[PDB]
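Generate coordinates for the sequence data below:
(chains A, B, C, D, E, F, G and H, ligands or ions: 24)
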Amino acid sequence: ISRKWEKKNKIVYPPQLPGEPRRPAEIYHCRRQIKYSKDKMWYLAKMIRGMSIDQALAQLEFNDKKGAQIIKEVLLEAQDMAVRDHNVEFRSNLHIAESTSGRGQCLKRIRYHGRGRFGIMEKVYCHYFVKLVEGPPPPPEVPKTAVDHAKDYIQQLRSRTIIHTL
Amino acid sequence: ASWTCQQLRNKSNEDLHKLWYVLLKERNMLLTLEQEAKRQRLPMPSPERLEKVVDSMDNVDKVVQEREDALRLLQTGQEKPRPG
Amino acid sequence: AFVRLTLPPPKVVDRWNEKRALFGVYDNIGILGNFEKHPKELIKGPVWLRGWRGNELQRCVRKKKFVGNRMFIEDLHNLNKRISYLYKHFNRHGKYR
Amino acid sequence: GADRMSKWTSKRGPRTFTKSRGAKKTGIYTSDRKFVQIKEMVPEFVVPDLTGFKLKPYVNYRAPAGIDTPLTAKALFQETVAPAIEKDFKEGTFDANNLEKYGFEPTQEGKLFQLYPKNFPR
Amino acid sequence: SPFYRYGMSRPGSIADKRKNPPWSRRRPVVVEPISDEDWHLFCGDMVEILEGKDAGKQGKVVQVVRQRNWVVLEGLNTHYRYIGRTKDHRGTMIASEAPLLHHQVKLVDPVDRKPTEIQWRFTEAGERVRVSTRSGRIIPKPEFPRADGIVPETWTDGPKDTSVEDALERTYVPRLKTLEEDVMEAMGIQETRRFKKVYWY
Amino acid sequence: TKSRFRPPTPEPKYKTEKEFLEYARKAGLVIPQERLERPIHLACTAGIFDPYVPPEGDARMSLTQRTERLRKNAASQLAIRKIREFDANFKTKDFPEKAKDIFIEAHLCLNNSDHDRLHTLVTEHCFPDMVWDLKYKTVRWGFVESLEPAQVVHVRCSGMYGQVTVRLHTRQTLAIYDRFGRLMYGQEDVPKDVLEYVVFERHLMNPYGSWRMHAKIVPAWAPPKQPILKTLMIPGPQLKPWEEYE
RNA sequence: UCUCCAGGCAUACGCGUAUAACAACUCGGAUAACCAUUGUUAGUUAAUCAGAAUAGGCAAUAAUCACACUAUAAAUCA
RNA sequence: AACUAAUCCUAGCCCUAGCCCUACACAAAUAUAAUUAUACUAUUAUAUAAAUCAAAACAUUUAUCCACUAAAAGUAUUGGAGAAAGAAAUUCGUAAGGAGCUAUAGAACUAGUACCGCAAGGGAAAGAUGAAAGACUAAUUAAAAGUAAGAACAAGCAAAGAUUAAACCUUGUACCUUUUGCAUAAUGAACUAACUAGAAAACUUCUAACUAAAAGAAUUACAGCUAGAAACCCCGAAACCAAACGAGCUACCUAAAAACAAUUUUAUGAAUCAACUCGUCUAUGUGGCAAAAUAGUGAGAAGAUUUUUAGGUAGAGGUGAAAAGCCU
Ligand SMILES: [Mg+2]
Ligand SMILES: [Mg+2]
Ligand SMILES: [Mg+2]
Ligand SMILES: [Mg+2]
Ligand SMILES: [Mg+2]
Ligand SMILES: [Mg+2]
Ligand SMILES: [Mg+2]
Ligand SMILES: [Mg+2]
Ligand SMILES: [Mg+2]
Ligand SMILES: [Mg+2]
Ligand SMILES: [Mg+2]
Ligand SMILES: [Mg+2]
Ligand SMILES: [Mg+2]
Ligand SMILES: [Mg+2]
Ligand SMILES: [Mg+2]
Ligand SMILES: [Mg+2]
Ligand SMILES: [Mg+2]
Ligand SMILES: [Mg+2]
Ligand SMILES: [Mg+2]
Ligand SMILES: [Mg+2]
Ligand SMILES: [Mg+2]
Ligand SMILES: [Mg+2]
Ligand SMILES: [Mg+2]
Ligand SMILES: [Mg+2]
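Numbers count the residues shown, from 1 in each chain, chains lettered A, B, ... in the order given. Ligands and ions are numbered 1, 2, ... in the order given. Dropping the coordinates below:
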């Protein structure tokens, strides 16, 4: 057990100078001991990464997976504790900066078998962490153009040196 | 307050016999009330009363047994009431 | 492996306590005292190994000799088995013959 | 697979197995499987008349309790029998044979309430 | 039980059941054993704080947990906490006293405000009394309300309560007759049958 | 083949009251409240025994109130006498300066968030209000020159607790910041004139008691305070499919 | 309400609260709803159902619808 | 920028020394199917310890197992005179601590409890805030394997020499044990943490004390004698003997009982065929519903029949319509 994602929500930064850029807000929320697999939960967490909170609260609602409702709840708690206790002006000015699922404490039980034999069953739990950062979703990755691809090849050749000699 | 052992000694056997039944009816009522509290899942009013009554009844038992025990020693001298 | 995350408490030894200060006194009681008492007589320990040393098999047999008749049944049984194990080891095993 | 740790009671076992829960017997089983209750074996509660009783379950706090002195055989003897013997000794009308005059009981046999062995319950 | 820690809450309260569950195995507290005669601190005695946050401030003992060698003084060594906290409301901030060990406080001379050490000694009547080591003087036991909270003098007789005079009344007559034999004579029961011989063994 | 197994131990993990509270609500329990063996200690009482209704036009008086206080002193004369009996040093004329010291000193602690200093300066009733809403928040506060001298408005003693009300019109500068240092409320540095009534009370019975800041009376004619910088949405009713808006 | 399946109610031996309602939603049911799970409170009422005095004397003749009918393996306290 | 986790100190324990004991627990109940208030039928240890093991087998035999220290002395004696065993006479003596353990350690122990076996019996695991919780239970840590943060990009025991460059280019037949001193063999290892195997002083060497003498009584000596230091592991059978515990499974028997419709023969270890008993064949299953079942198909079904309840026979034995079959 180690609950550090809970403490990070309490960090206090020093006041800014009159012309410093306005620091974007960060929120740290999670839920523990969820009756779900961490491997199954990752697909839901991976999906929402890099999206807004009104664009991640829509994709989740129409997913059949059980975890979709669980994540949606902690994406609404995060969306409320940001506006009330972290000074976020607009509900629609957030985006999921990070989101991942972690292993929890499990329980060991006996799964019976057919010849007086058995195997060890584990009832699986997990945790799920999310960070929300105030600001529109960073623009997506732009694929390298053909010109950019060609430039790297030339740059690679330009770096060539005469090896193993003065 | 509950009856102390010394005070009961001053009373005669007649009062001890009468007092026991007075306490007995009190104990039944508190046992009746305490049990009813469990059914209603509500705290019993003044739960301390039962302890006082029970302690009083024990004191009456102590006094009567002591009086009888002394008489046996004088007449017979046997330490215990039952053969063994 | 894992190691302590904090320093253990400091251990302080008083080297001038009565037991340490007077340690060794009367070790020459015999030669300086007209040999009235042998220094071995000053040892505090089990009755069967005051002023005596031997290997475990000898130690086992010596414990039996002094207090064999005052020992508990289970302790005596274990001692007897301990002797028989040592006997077969020291008298029938080992690299050298 | 039998539970060894639970108490052996009459609810368990076959129909034939039976035992009491501690209730005192009050009758006799005669021949032909007929029960015959005995009135004397049935306890009778001697209940006093509580009219005019000045004692209640609880006592006033103001009333001060006294020093506890467990009654002893010597103390009872001094209170009851010693004064009679002391006065009789001065008068000279005392003899070893007539200790019963002061209340001595040579044997408990013949007493309704035998001191030892006790033949009466609480 | 070997693993039972005495705290500040009175034993058997909801707090003490919560703190000490049956499976608790907390590290034992080591307490300098103090003889019943040795102990000289009693509820209501004014004492002075030798060291701590409020060192040098005199207070009144209001609780003594002898199992922990603790003495609690009113309004001193006091930290802050919230009482009556609810989901709707924060609660009321109050200042809560903390326990002090005996060696951190001293008793006070009755006449003069000073931390005078005392010794136990008998009197002419024989009653044990505390006497100051210096400026030998009798410090009386401080009268304090009882824990149950019942006040004797103001207590008013009510139904189910015997009068003081009635309790004091004595009617026991020393006689060599059992209760089983006095009741029958008083109640007029007559029985002429006698139990048959019984073979005890 | 062989066979051996282990038990699923019940493992109750509730070692704390927060864990126990969940346990007793799920498990169910009769938790009878108890009469505290030792009564709790109160160094202050929430509220004012007699609140002095502020007089309309008190700002227009730009002596003056002090004369009015003299007429109102007769109402508070009984309270003043009680202070003399237990203190004998309290002075109505000199209290403003002392009270002024407490007010300025207390608000300064906020700058450094010195909880220990505040507890001495303010009462147990005052402390939770000032500090509770300023957790994880930096507050910059200074004292600009006072516009007018302070006077003692009213004093009341009930029990035994004595409460003193002081009129304070002083210019101040306050700027609150978020955790991230962004600015909410107030202004970086601009003098603002503030008129308020502050209640100072002391425990007459306790030997170690002292005058502290308990509460501030707010008048109805007070002008609205500075509005917060950020815009806020007052949400609308949340309606189930059954319900309909009106 | 509809569709379809076809060992069911008691007794004994056994088991020992798994019974019933309420409340919870950690654990158990191999998933859910719901509880068989957790906690609290209750429960199964009998003269008929069921279970738990002495000393002598003396018995040739089955059962099977017991009549017919035969047989052989020769067959229940009063 | 963290999940899983890790850190921790006292609970008790170990070996000695001293010391015989006089801790035999209200009231009630228990030898009846223990813990059921009263009569029935009454109540009582054991003939010599064996074997393993050693004698490189085994058959006589085999220290301890099975009467004060040191010396005489490993001497006299005994012994398939082998392994081995081993005296006495006679001398001598007044006798509370820890270079121990600290939660996989120390006792099995938080407990002879849970759990397992019909029974005898076998037998665990774990805990961790602070002065105060009548201060919203602390802390502390890039720290194990495992994951996440952050899937991958021709080519190869995964590396090394390198290089401007992570990969391309060059060089290179996993480890241990084991076989011959060879493996592309053959054994053993998914990984992490903790635990887990060389021990004795006759002879020798080295170092000192005194020295025809050495040794704090008995010993050795034609330079010796005394003291010191210096040495020889771990895990694993099939078995053998003693004494308890088992016939609620199963073989057999005693006693008290129960079930058998319809049809045809007749008057029955006869016939057709259910209930019921059994288990010829095929198929599926194969960690299975099942540590022997399921679906079909088959055999008997008034008898040497099946079933129920209680009791008896116990391992050098019991039982056996003999399969060396059964006896949880
Ligand atoms: Mg099975
Ligand atoms: Mg697995
Ligand atoms: Mg139910
Ligand atoms: Mg329900
Ligand atoms: Mg299943
Ligand atoms: Mg239930
Ligand atoms: Mg009947
Ligand atoms: Mg051999
Ligand atoms: Mg052989
Ligand atoms: Mg252990
Ligand atoms: Mg263990
Ligand atoms: Mg790691
Ligand atoms: Mg390569
Ligand atoms: Mg392998
Ligand atoms: Mg071996
Ligand atoms: Mg049988
Ligand atoms: Mg057979
Ligand atoms: Mg038929
Ligand atoms: Mg068969
Ligand atoms: Mg056929
Ligand atoms: Mg046929
Ligand atoms: Mg037939
Ligand atoms: Mg054959
Ligand atoms: Mg078997």
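
What ranges does chain B have for its strands?
Listed from the start of the chain, chain B has no strands (DSSP state E) to report.

residues in contact with residue 12?
I went with chain A, as the question did not name one. Neighbour list for residue A:12: F:136-138, F:179 [criterion: C-beta atoms under 8 Å, 6 or more residues apart in numbering or on different chains]. Quick note: C-beta positions are derived from backbone N, CA and C, even for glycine.

try again with chain B
Residue B:12 sits next to E:171-173, E:182 when contact means C-beta under 8 Å, 6+ apart.

Please work out which residue of chain D is closest to RNA strand G.
Nearest residue of chain D to RNA strand G, counting by C-beta to the nearest atom of the strand: residue D:14, 3.0 Å away.

So what's the residue count around that residue?
For residue D:14, the count of nearby residues is 6 (other C-beta atoms under 10 Å in any protein chain shown).

one step back: drop the exposed ones from the contacts of residue A:12 and show what's left.
Neighbour-count burial within the contacts of residue A:12 applies to F:138, F:179; the criterion is 16 or more other C-beta atoms under 10 Å in any protein chain shown.

Just the ones of the contacts of residue A:12 in strands?
In this view, these that belong to strands under DSSP E are residue F:138.

Please render the contacts of residue A:12 as a markdown table that adds distance to RNA strand H to the earlier fields.
Conversion of the contacts of residue A:12 to a markdown table gives the following (distance: C-beta to the nearest atom of the strand, whole Å):
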| residue | distance to RNA strand H |
| --- | --- |
| F:136 | 14 |
| F:137 | 17 |
| F:138 | 19 |
| F:179 | 12 |
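
doesn't residue A:81 fall inside a helix?
Yes. Under DSSP: H, G, I helix; E, B strand; the rest coil, residue A:81 falls within a helix.

Please tell me how far it sits from residue C:37.
Going from residue A:81 to residue C:37 by C-beta to C-beta, to the nearest Å gives 85 Å.

ok, now residue C:23?
Following C-beta to C-beta, the distance that separates residue C:23 from residue C:37 is 18 Å.

Close to chain D: what parts of chain B are there?
Along chain B, the residues adjacent to chain D under the rule C-beta under 8 Å from any C-beta of the partner chain are B:1-7, B:9-11, B:14-15, B:17-19, B:21-23, B:26, B:52-53, B:56, B:66-68, B:70-76, B:78, B:81-83.

ranges for the strands of chain C?
In chain order, chain C shows no strands, with DSSP E as the criterion.

What number of residues are in the vicinity of the residue in it positioned nearest to RNA strand G?
Closest to RNA strand G within chain C is residue C:2: 29.3 Å, counting by C-beta to the nearest atom of the strand. The local packing count at residue C:2 equals 4, with neighbours defined by other C-beta under 10 Å.

Point me to the residue sitting farthest from the middle of the chain.
Picking chain A for this. No residue in chain A has its C-alpha farther from the mean C-alpha position than residue A:166, which lies at 51.1 Å (C-alpha atoms, centre = their mean).

Name the residues that touch the longest helix belonging to chain E?
Counting residues, the longest helix in chain E under DSSP state H turns out to be helix E:179-187. The contact list for helix E:179-187 (C-beta under 8 Å, 6+ apart) reads B:12-14, B:16-17, B:64, B:67-68, D:46, D:48, D:112-113, D:120, E:175, E:177, E:189-191.

Residue of chain B closest to RNA strand H, please.
residue B:82 (4.9 Å).

wait, what's in contact with that residue?
Applying C-beta under 8 Å, 6+ apart, one finds that residue B:82 lies in contact with D:117-118.

More neighbours: residue A:81 and residue C:37, which one.
When neighbours are counted by other C-beta under 10 Å, residue A:81 comes out ahead of the other of residue A:81 and residue C:37, with 16 against 12.

who's in contact with the more buried one?
Under the contact definition (C-beta under 8 Å, 6+ apart), the residues listed for residue A:81 are A:27, A:29.

Show the residue spans covered by the helices in the chain.
Just so you know, I chose chain A. In chain A, the helices defined using DSSP H lie at A:38-48, A:53-59, A:66-85, A:146-158.

Oops, wrong one, chain D.
For chain D, the helices defined by DSSP H occupy D:73-91.

Can you tell me which residues in it are near chain E?
Applying C-beta under 8 Å from any C-beta, we find that chain D lies next to chain E at D:46, D:48, D:54-63, D:76, D:79-81, D:103, D:110, D:112-115, D:117, D:119-120.

what residue lies at the spatial centre of chain B?
By C-alpha atoms, centre = their mean, the mean C-alpha position of chain B lies nearest to residue B:57, the distance being 1.1 Å.

Who are the contact partners of that residue?
B:20, B:23-24, B:27.

Can you tell me how far it is from residue A:134?
For residue B:57 relative to residue A:134 (C-beta to C-beta), the value is 73 Å.

With residue D:15 instead?
Counting by C-beta to C-beta, the gap from residue D:15 to residue A:134 is 80 Å.

Same drill for the two, tell me which one is more crowded.
residue A:134 (21 against 5).

what's near enough to touch residue D:23?
Residue D:23 sits next to no residue when contact means C-beta under 8 Å, 6+ apart.

Find the residue closest to the residue of chain A found nearest RNA strand H in space, skipping its chain neighbours.
Residue nearest to RNA strand H within chain A: residue A:116 (2.3 Å; C-beta to the nearest atom of the strand). What sits nearest to residue A:116 in space, not counting adjacent residues and going by C-beta to C-beta, 6 or more residues apart in numbering or on different chains, is residue F:1, at 6.2 Å.

One more: residue D:41?
Closest residue to residue D:41 apart from its sequence neighbours, by C-beta to C-beta, 6+ apart: residue D:26 at 4.8 Å.

Is the residue most central in space within chain E part of a helix or strand, or is it coil?
Within chain E, the residue whose C-alpha comes closest to the C-alpha centroid is residue E:147; the distance, by C-alpha atoms, centre = their mean, is 7.1 Å. Following three-state DSSP, we place residue E:147 in the coil state.

Next up, the contacts around the nearest residue to it once chain neighbours are set aside.
Computed as C-beta to C-beta, 6+ apart, the closest residue to residue E:147 that is not its neighbour in sequence is residue F:37, at 5.5 Å. Taking C-beta under 8 Å, 6+ apart as the contact definition, residue F:37 lies against E:10, E:63, E:147.

Quick one: end-to-end length of stretch F:150-165, please.
With C-alpha to C-alpha, to the nearest Å as the measure, the ends of stretch F:150-165 fall 11 Å from one another.

Only the buried residues of it, if you could.
Across stretch F:150-165, burial judged by 16+ other C-beta under 10 Å covers F:150-157, F:161-165.

Repeat that for stretch D:75-94.
Along stretch D:75-94, these residues count as buried under the neighbour rule (16+ other C-beta under 10 Å): D:76-77, D:80-81, D:94.
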